[PDB]
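K.L.:
Once you've had a glance at the structure underneath, I'll fire off some questions.
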Amino acid sequence: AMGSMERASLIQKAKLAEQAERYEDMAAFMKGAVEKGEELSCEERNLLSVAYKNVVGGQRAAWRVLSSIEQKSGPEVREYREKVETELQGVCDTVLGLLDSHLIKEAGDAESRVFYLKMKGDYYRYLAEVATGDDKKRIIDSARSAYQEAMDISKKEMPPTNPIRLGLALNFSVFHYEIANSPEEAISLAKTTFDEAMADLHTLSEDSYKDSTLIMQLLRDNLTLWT
Amino acid sequence: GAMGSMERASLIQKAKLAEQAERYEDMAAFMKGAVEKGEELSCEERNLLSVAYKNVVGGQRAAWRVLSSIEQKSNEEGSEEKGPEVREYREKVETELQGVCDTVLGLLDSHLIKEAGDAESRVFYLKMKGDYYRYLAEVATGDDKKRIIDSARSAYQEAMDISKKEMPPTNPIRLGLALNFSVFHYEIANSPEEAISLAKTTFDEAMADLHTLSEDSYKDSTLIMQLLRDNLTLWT
Amino acid sequence: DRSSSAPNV
Amino acid sequence: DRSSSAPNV
Ligand SMILES: *CC(=O)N1CC[C@@]2(CCN(S(=O)(=O)c3ccc(Br)c(F)c3)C2)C1
Ligand SMILES: *CC(=O)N1CC[C@@]2(CCN(S(=O)(=O)c3ccc(Br)c(F)c3)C2)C1
Ligand SMILES: [Cl-]
Ligand SMILES: [Cl-]
Ligand SMILES: [Mg+2]
Ligand SMILES: [Mg+2]
Ligand SMILES: [Mg+2]
Ligand SMILES: [Mg+2]
Ligand SMILES: [Mg+2]
């Protein structure tokens with residue numbers, strides 16, 4: 001049904017779904033919009049991001065509850081945790097599939113390239129949160145590789161206080177701390193990111209000020225937690 | 001998958017897990033499976049069934065209201081371009097909401113109402129029938145609307161008749177029924193006088209017997225009585 | 001402003 | 001606490 005809808009209609013319906021807090025619908029509309037094969041604007045990338053983040057966010061929260069109950073411990077909690085986990089992996093695979101088939105390209109601006117590579121890092125990180133096999137090692141390497149490529153571009157092409165560069169650095173620091181068991185790297189990255197961002201904050205455009213300062217606050221909050 | 005072959009106890013346990021995970025669609029599916037095992041539900045299990053579907057339909061009702069508001073604002077603005085998308089999406093959400101309501105009413109009819117023994121469970125299920133017809137009525141527009149409203153009224157009235165004969169005036173289920181029937185009167189049947197009269201009578205008769213109410217039901221019953229009062233203040 | 005129905009216990 | 005990642009803007 002999405003294939004037969006016009007791109008403009010899919011974007012409009014994604015915005016309606018957002019207002020209704022119907023994030024699964026919103027994600028489905030944005031998936032349809034991506035599949036029209038045209039680039040996404042900054043605004044449209046935000047819609048795509050919010051939709052899937054909310055979907056996977058609910059699944060991650062549920063997984064954590066069930067995993068906690070399971071570890072305190074019949075087969076029921078294991079089975080149900082596995083069910084939720086499989087659904088979460090399905091959503092991650094869908095997003096990574098879209099990134100690979102449609103969104104990640106050699107061309108287009110640095111901002112969009114960094115954004116999509118960051119997102120690839122994020123959804124491999126969510127897969128890593130529930131991974132246990134030898135697949136775990138591979139998943140972690142995929143996350144790291146995506147983040148690192150994004151970092152290299154952002155350092156070459158983007159100011160230090162750019163919101164996407166900052167958001168990438170924040171999430172890579174979380175990867176280091178929570179996934180890769182590298183607290184030293186997590187803290188060093190977060191501290192360097194914060195200082196370099198603050199040093200150039202006076203050059204940042206006013207339209208990005210709110211977003212960038214929010215990320216910088218989270219860098220600080222994490223640093224306090226980690227030290 | 002395939003809940004027919006699953007242990008009833010496992011379905012109940014998974015419903016409780018789903019509740020803790022705030023996975024209400026799953027929770028509802030597990031409780032539907034438990035009902036289909038064919039045994040009566042306890043008070044606790046009826047609560048699980050109620051919470052699950054109420055949360056599911058609650059989210060759909062909230063979304064429908066948002067979309068209906070946007071649709072009407074668009075239409076009344078009367079602009080030559082915008083309107084079709086929001087209508088279509090409102091219709092989609094509405095169809096899903098109607099599907100959940102039909103599932104609940106289906107369960108009540110096929111498994112729960114007939115097979116209920118005691119008055120408490122009978123009143124509870126007849127109340128629930130009233131409620132889910134009321135939710136259908138909120139989005140109904142045709143001549144089907146009149147029929148849906150009559151189905152809600154008939155369910156509520158039968159529940160009321162039993163509760164008056166079999167249950168104390170401070171009983172939580174009797175109170176909950178009376179509250180929701182008063183809301184039906186006010187919001188659905190355009191009968192504010194009946195809404196106010198029912199709510200007022202329910203409140204006074206409950207308050208008159210409050211000193212007899214057991215401590216185990218005290219919190220629930222006083223909460224309903226507060227909502228009766230809040231509605232009365234809103235309606236007058 | 002909508003009327004209040006019974007909540008989840 | 002868990003570490004905080006980038007929120008929805
Ligand atoms: C311009 C563009 O492509 N954007 C702007 C918003 C967004 C959606 C998600 N991000 S992010 O993950 O880089 C990020 C999230 C939160 C915050 Br406060 C932030 F500054 C960046 C980029 C797509
Ligand atoms: C014993 C039994 O069958 N119960 C107890 C709780 C419940 C599920 C919710 N109700 S209700 O809708 O009658 C109701 C809801 C809220 C409140 Br505060 C209340 F007093 C009653 C019956 C199933
Ligand atoms: Cl399961
Ligand atoms: Cl639609
Ligand atoms: Mg087209
Ligand atoms: Mg698994
Ligand atoms: Mg058994
Ligand atoms: Mg106009
Ligand atoms: Mg209709």
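Each chain in the structure tokens gets a letter, A, B and so on, in the order shown; residues start at 1 in every chain, and ligands are counted from 1 in the order they appear.
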Quick one: residues within 10 Å of residue 3 in chain D, only C-alpha atoms counted, chain neighbours fewer than 6 positions away excluded, as a list in words?

P.N.:
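Contacts, in chain order: residues 170, 171, 173, 174, 175, 177, 178, 218, 219, 221, 222, 223, 225 and 226 of chain A.
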
K.L.:
Save out the residues we just selected, N, CA, C and O atoms, as a PDB file, in the first residue's frame.

P.N.:
```pdb
ATOM      1  N   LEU A 170      28.969  11.600  20.971  1.00  0.00           N
ATOM      2  CA  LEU A 170      28.271  11.124  22.155  1.00  0.00           C
ATOM      3  C   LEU A 170      27.978   9.626  22.066  1.00  0.00           C
ATOM      4  O   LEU A 170      28.323   8.867  22.969  1.00  0.00           O
ATOM      5  N   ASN A 171      27.357   9.198  20.966  1.00  0.00           N
ATOM      6  CA  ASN A 171      26.957   7.804  20.820  1.00  0.00           C
ATOM      7  C   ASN A 171      28.150   6.860  20.666  1.00  0.00           C
ATOM      8  O   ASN A 171      28.098   5.720  21.118  1.00  0.00           O
ATOM      9  N   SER A 173      31.031   7.401  22.164  1.00  0.00           N
ATOM     10  CA  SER A 173      31.529   7.313  23.529  1.00  0.00           C
ATOM     11  C   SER A 173      30.709   6.325  24.360  1.00  0.00           C
ATOM     12  O   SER A 173      31.257   5.572  25.160  1.00  0.00           O
ATOM     13  N   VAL A 174      29.393   6.297  24.134  1.00  0.00           N
ATOM     14  CA  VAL A 174      28.524   5.323  24.773  1.00  0.00           C
ATOM     15  C   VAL A 174      28.856   3.905  24.311  1.00  0.00           C
ATOM     16  O   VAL A 174      28.895   2.987  25.129  1.00  0.00           O
ATOM     17  N   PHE A 175      29.110   3.741  23.006  1.00  0.00           N
ATOM     18  CA  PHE A 175      29.567   2.470  22.462  1.00  0.00           C
ATOM     19  C   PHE A 175      30.819   1.986  23.192  1.00  0.00           C
ATOM     20  O   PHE A 175      30.893   0.828  23.599  1.00  0.00           O
ATOM     21  N   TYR A 177      31.958   2.793  26.159  1.00  0.00           N
ATOM     22  CA  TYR A 177      31.738   2.532  27.572  1.00  0.00           C
ATOM     23  C   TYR A 177      30.880   1.296  27.815  1.00  0.00           C
ATOM     24  O   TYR A 177      31.208   0.475  28.662  1.00  0.00           O
ATOM     25  N   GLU A 178      29.762   1.200  27.089  1.00  0.00           N
ATOM     26  CA  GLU A 178      28.727   0.219  27.378  1.00  0.00           C
ATOM     27  C   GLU A 178      28.882  -1.080  26.593  1.00  0.00           C
ATOM     28  O   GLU A 178      28.460  -2.131  27.066  1.00  0.00           O
ATOM     29  N   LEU A 218      24.812  16.275  27.823  1.00  0.00           N
ATOM     30  CA  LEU A 218      24.829  14.827  27.960  1.00  0.00           C
ATOM     31  C   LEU A 218      26.256  14.290  28.024  1.00  0.00           C
ATOM     32  O   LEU A 218      26.515  13.340  28.755  1.00  0.00           O
ATOM     33  N   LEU A 219      27.179  14.910  27.280  1.00  0.00           N
ATOM     34  CA  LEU A 219      28.592  14.570  27.385  1.00  0.00           C
ATOM     35  C   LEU A 219      29.048  14.784  28.828  1.00  0.00           C
ATOM     36  O   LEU A 219      29.676  13.911  29.418  1.00  0.00           O
ATOM     37  N   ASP A 221      27.118  14.977  31.580  1.00  0.00           N
ATOM     38  CA  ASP A 221      26.408  14.063  32.462  1.00  0.00           C
ATOM     39  C   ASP A 221      27.054  12.678  32.457  1.00  0.00           C
ATOM     40  O   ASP A 221      27.238  12.068  33.511  1.00  0.00           O
ATOM     41  N   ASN A 222      27.389  12.187  31.261  1.00  0.00           N
ATOM     42  CA  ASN A 222      28.081  10.914  31.129  1.00  0.00           C
ATOM     43  C   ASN A 222      29.457  10.932  31.794  1.00  0.00           C
ATOM     44  O   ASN A 222      29.819   9.980  32.488  1.00  0.00           O
ATOM     45  N   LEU A 223      30.209  12.024  31.595  1.00  0.00           N
ATOM     46  CA  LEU A 223      31.530  12.151  32.188  1.00  0.00           C
ATOM     47  C   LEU A 223      31.469  12.059  33.715  1.00  0.00           C
ATOM     48  O   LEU A 223      32.294  11.376  34.334  1.00  0.00           O
ATOM     49  N   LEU A 225      29.062  10.585  35.427  1.00  0.00           N
ATOM     50  CA  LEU A 225      28.698   9.208  35.728  1.00  0.00           C
ATOM     51  C   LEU A 225      29.902   8.270  35.655  1.00  0.00           C
ATOM     52  O   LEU A 225      30.045   7.383  36.490  1.00  0.00           O
ATOM     53  N   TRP A 226      30.768   8.479  34.656  1.00  0.00           N
ATOM     54  CA  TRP A 226      31.861   7.559  34.381  1.00  0.00           C
ATOM     55  C   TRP A 226      33.119   7.766  35.225  1.00  0.00           C
ATOM     56  O   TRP A 226      33.998   6.909  35.211  1.00  0.00           O
TER      57      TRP A 226
END
```

K.L.:
List every residue of chain B that has an atom at most 7 Å from any atom of ligand 7, and for each one report the closest atom pair and its distance in Å to one decimal, counting only C-alpha atoms and all ligand atoms, with rows sorted by chain and then by increasing residue number, as a Markdown table.

P.N.:
```
| residue | atom | partner | partner_atom_place_in_ligand_line | distance |
| --- | --- | --- | --- | --- |
| B:7 | CA | ligand 7 | 1 (Mg) | 4.1 |
| B:8 | CA | ligand 7 | 1 (Mg) | 5.6 |
| B:9 | CA | ligand 7 | 1 (Mg) | 6.3 |
```

K.L.:
Please produce an output containing N, CA, C and O atoms for each residue in the selection, written as an mmCIF file, in the first residue's frame.

P.N.:
```cif
data_model
loop_
_atom_site.group_PDB
_atom_site.id
_atom_site.type_symbol
_atom_site.label_atom_id
_atom_site.label_comp_id
_atom_site.auth_asym_id
_atom_site.auth_seq_id
_atom_site.Cartn_x
_atom_site.Cartn_y
_atom_site.Cartn_z
ATOM 1 N N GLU B 7 -0.024 -24.145 27.910
ATOM 2 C CA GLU B 7 -0.570 -24.262 29.250
ATOM 3 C C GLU B 7 -1.220 -22.936 29.638
ATOM 4 O O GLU B 7 -0.679 -21.857 29.377
ATOM 5 N N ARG B 8 -2.400 -23.039 30.256
ATOM 6 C CA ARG B 8 -3.107 -21.862 30.728
ATOM 7 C C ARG B 8 -2.231 -21.053 31.683
ATOM 8 O O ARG B 8 -2.170 -19.830 31.581
ATOM 9 N N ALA B 9 -1.569 -21.751 32.616
ATOM 10 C CA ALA B 9 -0.695 -21.121 33.592
ATOM 11 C C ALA B 9 0.443 -20.347 32.933
ATOM 12 O O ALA B 9 0.837 -19.297 33.430
#
```

K.L.:
If the limit is 8 Å from any atom of ligand 5, counting only C-alpha atoms and all ligand atoms, which residues qualify? Return them as a PyMOL selection string.

P.N.:
chain A and resi 3-7+36

K.L.:
Considering only C-alpha atoms, return as a list in words whatever protein or nucleic-acid residues lie within 10 Å of range 103-118 of chain B, sequence-local ones (same chain, fewer than 5 positions apart) excluded.

P.N.:
residues 28, 32, 35, 36, 37, 38, 39, 40, 41, 49, 50, 53, 97, 98, 123, 124, 125, 126, 128, 129, 130, 131, 132, 133 and 166 of chain B

K.L.:
Write out as a PyMOL selection string each polymer residue (protein, DNA or RNA) that has an atom no more than 8 Å from ligand 6, with only C-alpha atoms and all ligand atoms counted.

P.N.:
chain A and resi 82+85-86+130-132

K.L.:
Export N, CA and C atoms of the chosen residues as a JSON list (two decimals), in the first residue's frame?

P.N.:
```
[["chain", "number", "residue", "atom", "x", "y", "z"],
["A", 82, "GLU", "N", 13.08, -14.02, 24.46],
["A", 82, "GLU", "CA", 13.53, -14.38, 23.13],
["A", 82, "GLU", "C", 12.62, -13.81, 22.05],
["A", 85, "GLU", "N", 13.25, -10.06, 21.83],
["A", 85, "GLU", "CA", 14.57, -9.93, 21.23],
["A", 85, "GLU", "C", 14.55, -10.10, 19.71],
["A", 86, "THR", "N", 13.81, -11.12, 19.24],
["A", 86, "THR", "CA", 13.70, -11.40, 17.82],
["A", 86, "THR", "C", 13.03, -10.26, 17.06],
["A", 130, "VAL", "N", 21.97, -7.05, 22.76],
["A", 130, "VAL", "CA", 21.32, -8.33, 23.00],
["A", 130, "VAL", "C", 22.10, -9.53, 22.45],
["A", 131, "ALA", "N", 23.24, -9.27, 21.78],
["A", 131, "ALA", "CA", 24.01, -10.34, 21.16],
["A", 131, "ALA", "C", 24.82, -11.10, 22.20],
["A", 132, "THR", "N", 24.97, -12.42, 21.99],
["A", 132, "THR", "CA", 25.72, -13.27, 22.90],
["A", 132, "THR", "C", 26.70, -14.24, 22.25]]
```

K.L.:
Provide the CA of residue 213 in chain B to CA of residue 171 in chain B distance in Å, to one decimal place.

P.N.:
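Those two atoms sit 7.8 Å apart.
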
K.L.:
Would you kindly report the residues of chain A within 12 Å of chain D, using only C-alpha atoms, as a PyMOL selection string?

P.N.:
chain A and resi 43+45-54+57+61+64+118-119+122+125-126+163-179+183+186-187+190+208+210-226

K.L.:
Can you spit out the residues from that selection as a compact mmCIF listing (two decimals), in the first residue's frame, using C-alpha atoms?

P.N.:
```txt
# COMPACT_ATOMS: atom_id res chain seq x y z
CA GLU A 43 13.72 17.47 8.21
CA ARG A 45 15.90 12.46 8.15
CA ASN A 46 14.60 13.67 11.52
CA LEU A 47 11.23 12.00 10.86
CA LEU A 48 12.97 8.73 9.89
CA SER A 49 15.16 8.90 13.00
CA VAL A 50 12.41 9.74 15.50
CA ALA A 51 10.12 6.99 14.18
CA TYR A 52 12.56 4.09 14.38
CA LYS A 53 14.24 5.35 17.56
CA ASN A 54 10.86 5.29 19.34
CA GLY A 57 13.37 2.27 22.19
CA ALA A 61 13.05 -1.06 27.40
CA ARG A 64 15.78 -4.93 29.65
CA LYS A 118 26.09 7.25 12.73
CA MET A 119 22.68 5.59 12.40
CA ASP A 122 23.57 2.98 16.43
CA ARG A 125 24.99 -1.10 18.80
CA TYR A 126 21.37 -2.01 19.62
CA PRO A 163 25.02 18.93 16.21
CA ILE A 164 25.41 15.78 14.10
CA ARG A 165 29.16 15.59 14.74
CA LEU A 166 28.41 16.01 18.45
CA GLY A 167 25.60 13.43 18.46
CA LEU A 168 27.88 10.96 16.69
CA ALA A 169 30.68 11.54 19.23
CA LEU A 170 28.27 11.12 22.15
CA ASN A 171 26.96 7.80 20.82
CA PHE A 172 30.44 6.53 19.95
CA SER A 173 31.53 7.31 23.53
CA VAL A 174 28.52 5.32 24.77
CA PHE A 175 29.57 2.47 22.46
CA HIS A 176 33.05 2.56 24.01
CA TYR A 177 31.74 2.53 27.57
CA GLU A 178 28.73 0.22 27.38
CA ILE A 179 29.60 -2.16 24.52
CA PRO A 183 36.00 3.29 29.62
CA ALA A 186 34.85 6.61 26.27
CA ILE A 187 35.97 9.28 28.76
CA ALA A 190 33.75 12.58 25.55
CA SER A 208 21.83 24.70 16.00
CA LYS A 210 19.76 24.30 21.35
CA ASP A 211 20.61 20.89 19.88
CA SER A 212 24.38 21.28 20.32
CA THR A 213 24.13 22.49 23.94
CA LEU A 214 21.84 19.55 24.77
CA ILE A 215 24.41 17.06 23.45
CA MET A 216 27.20 18.87 25.32
CA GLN A 217 25.17 18.58 28.54
CA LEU A 218 24.83 14.83 27.96
CA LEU A 219 28.59 14.57 27.39
CA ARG A 220 29.03 16.27 30.77
CA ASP A 221 26.41 14.06 32.46
CA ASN A 222 28.08 10.91 31.13
CA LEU A 223 31.53 12.15 32.19
CA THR A 224 30.25 12.69 35.74
CA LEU A 225 28.70 9.21 35.73
CA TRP A 226 31.86 7.56 34.38
```

K.L.:
Could you check how far CA of residue 120 in chain B sits from CA of residue 178 in chain B, in Å to one decimal?

P.N.:
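Spanning CA of residue 120 in chain B to CA of residue 178 in chain B is a straight-line distance of 13.9 Å.
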
K.L.:
Given a cut-off of 12 Å, what residues near ligand 8 show up using only C-alpha atoms and all ligand atoms, put as a PyMOL selection string?

P.N.:
chain B and resi 74-83

K.L.:
Restricted to N, CA, C and O atoms, what would the selected residues look like written as a PDB file, in the first residue's frame?

P.N.:
```
ATOM      1  N   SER B  74      -8.704  20.934   9.427  1.00  0.00           N
ATOM      2  CA  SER B  74      -8.409  21.019   8.009  1.00  0.00           C
ATOM      3  C   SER B  74      -9.683  21.331   7.223  1.00  0.00           C
ATOM      4  O   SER B  74      -9.760  22.343   6.523  1.00  0.00           O
ATOM      5  N   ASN B  75     -10.703  20.482   7.393  1.00  0.00           N
ATOM      6  CA  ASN B  75     -11.954  20.622   6.658  1.00  0.00           C
ATOM      7  C   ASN B  75     -12.607  21.996   6.822  1.00  0.00           C
ATOM      8  O   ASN B  75     -13.074  22.570   5.844  1.00  0.00           O
ATOM      9  N   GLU B  76     -12.653  22.503   8.063  1.00  0.00           N
ATOM     10  CA  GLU B  76     -13.318  23.766   8.356  1.00  0.00           C
ATOM     11  C   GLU B  76     -12.524  24.952   7.811  1.00  0.00           C
ATOM     12  O   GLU B  76     -13.107  25.953   7.393  1.00  0.00           O
ATOM     13  N   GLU B  77     -11.192  24.837   7.811  1.00  0.00           N
ATOM     14  CA  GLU B  77     -10.367  25.833   7.151  1.00  0.00           C
ATOM     15  C   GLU B  77     -10.790  25.913   5.686  1.00  0.00           C
ATOM     16  O   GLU B  77     -10.801  26.990   5.092  1.00  0.00           O
ATOM     17  N   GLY B  78     -11.141  24.753   5.118  1.00  0.00           N
ATOM     18  CA  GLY B  78     -11.782  24.683   3.816  1.00  0.00           C
ATOM     19  C   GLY B  78     -10.823  24.908   2.649  1.00  0.00           C
ATOM     20  O   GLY B  78     -11.263  25.168   1.530  1.00  0.00           O
ATOM     21  N   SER B  79      -9.515  24.793   2.925  1.00  0.00           N
ATOM     22  CA  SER B  79      -8.491  24.958   1.906  1.00  0.00           C
ATOM     23  C   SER B  79      -8.651  23.933   0.786  1.00  0.00           C
ATOM     24  O   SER B  79      -9.107  22.813   1.015  1.00  0.00           O
ATOM     25  N   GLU B  80      -8.243  24.325  -0.425  1.00  0.00           N
ATOM     26  CA  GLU B  80      -8.513  23.534  -1.613  1.00  0.00           C
ATOM     27  C   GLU B  80      -7.659  22.269  -1.697  1.00  0.00           C
ATOM     28  O   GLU B  80      -7.998  21.372  -2.466  1.00  0.00           O
ATOM     29  N   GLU B  81      -6.586  22.179  -0.888  1.00  0.00           N
ATOM     30  CA  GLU B  81      -5.585  21.133  -1.056  1.00  0.00           C
ATOM     31  C   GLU B  81      -5.566  20.050   0.025  1.00  0.00           C
ATOM     32  O   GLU B  81      -5.635  18.867  -0.298  1.00  0.00           O
ATOM     33  N   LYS B  82      -5.478  20.447   1.300  1.00  0.00           N
ATOM     34  CA  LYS B  82      -5.185  19.503   2.371  1.00  0.00           C
ATOM     35  C   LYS B  82      -6.467  18.902   2.943  1.00  0.00           C
ATOM     36  O   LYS B  82      -7.513  19.548   2.925  1.00  0.00           O
ATOM     37  N   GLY B  83      -6.374  17.655   3.438  1.00  0.00           N
ATOM     38  CA  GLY B  83      -7.531  16.945   3.963  1.00  0.00           C
ATOM     39  C   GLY B  83      -7.596  15.445   3.675  1.00  0.00           C
ATOM     40  O   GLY B  83      -7.968  14.671   4.559  1.00  0.00           O
TER      41      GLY B  83
END
```

K.L.:
Using only C-alpha atoms and all ligand atoms, find each protein or nucleic acid residue lying at most 7 Å from ligand 2; present the set as a PDB file with C-alpha atoms, in the first residue's frame.

P.N.:
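File out-v9.pdb, as written:
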```
ATOM      1  CA  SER B  42     -10.610 -15.219  38.612  1.00  0.00           C
ATOM      2  CA  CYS B  43     -10.871 -11.622  39.845  1.00  0.00           C
ATOM      3  CA  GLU B  44      -7.099 -11.248  39.355  1.00  0.00           C
ATOM      4  CA  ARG B  46     -10.187 -10.471  34.887  1.00  0.00           C
ATOM      5  CA  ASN B  47      -8.010  -7.521  35.960  1.00  0.00           C
ATOM      6  CA  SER B  50      -9.132  -5.579  31.480  1.00  0.00           C
ATOM      7  CA  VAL B  51      -5.807  -3.742  31.839  1.00  0.00           C
ATOM      8  CA  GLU B 120     -19.661 -10.167  40.343  1.00  0.00           C
ATOM      9  CA  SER B 121     -18.169 -11.754  37.219  1.00  0.00           C
ATOM     10  CA  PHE B 124     -17.988  -7.197  35.240  1.00  0.00           C
ATOM     11  CA  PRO B 172     -15.921  -1.434  43.225  1.00  0.00           C
ATOM     12  CA  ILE B 173     -17.334  -3.175  40.140  1.00  0.00           C
ATOM     13  CA  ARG B 174     -20.855  -1.864  40.781  1.00  0.00           C
ATOM     14  CA  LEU B 175     -19.356   1.621  41.218  1.00  0.00           C
ATOM     15  CA  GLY B 176     -17.168   1.342  38.104  1.00  0.00           C
ATOM     16  CA  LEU B 177     -20.205   0.219  36.103  1.00  0.00           C
ATOM     17  CA  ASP B 220     -10.658   1.471  44.583  1.00  0.00           C
ATOM     18  CA  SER B 221     -14.168   2.424  45.690  1.00  0.00           C
ATOM     19  CA  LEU B 223     -11.316   6.574  43.764  1.00  0.00           C
ATOM     20  CA  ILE B 224     -14.468   5.854  41.740  1.00  0.00           C
TER      21      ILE B 224
ATOM     22  CA  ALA C   6     -13.080   4.095  35.358  1.00  0.00           C
ATOM     23  CA  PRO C   7      -9.230   3.865  35.228  1.00  0.00           C
ATOM     24  CA  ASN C   8      -6.977   0.820  35.534  1.00  0.00           C
ATOM     25  CA  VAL C   9      -6.829  -0.225  39.207  1.00  0.00           C
TER      26      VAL C   9
END
```

K.L.:
Determine which residues of chain A sit within 8 Å of chain B, taking into account only C-alpha atoms, and present them as a ChimeraX atom specification.

P.N.:
/A:9,12-13,16,19-22,61-63,65-66,76-77,80

K.L.:
Within 10 Å of ligand 9, counting only C-alpha atoms and all ligand atoms, which protein or nucleic acid residues do you find, written as a ChimeraX atom specification?

P.N.:
/B:90-95,98,136,139-142
